[PDB]
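Residue numbers (the authors' numbering): 1 to 64.
Here's what the structure looks like:
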């Protein structure tokens, strides 16, 4: 249907949640990647989580 802003039920968050990532975060990666797929979100989180502007518990690599 031509529904709008219809995304209350847990769909893409399921995987982004079971992995450990919260909601506010999992949502950012989703909207960023374009709600294409759970994996996509991970690719955006692994590249974002590693930044001084994005304070999160997601501990990165030694250097990063």
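Virtual Cβ for every residue (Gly too), placed ideally from N, Cα, C.
Residue i in three-state terms, based on DSSP
| i | result |
| --- | --- |
| residue 12 | coil |
| residue 45 | helix |
| residue 17 | helix |
Top-ranked residue by Cα proximity to residue i, from the options
| i | options | result |
| --- | --- | --- |
| residue 16 | 1, 52 and 58 | 58 |
| residue 31 | 12, 18 and 19 | 12 |
Cα-Cα separation between residue i and residue j, rounded to whole angstroms
| i | j | result |
| --- | --- | --- |
| residue 41 | residue 64 | 19 Å |
| residue 26 | residue 62 | 23 Å |
| residue 10 | residue 52 | 29 Å |
| residue 33 | residue 1 | 23 Å |
| residue 50 | residue 60 | 6 Å |
| residue 47 | residue 14 | 21 Å |
| residue 24 | residue 54 | 12 Å |
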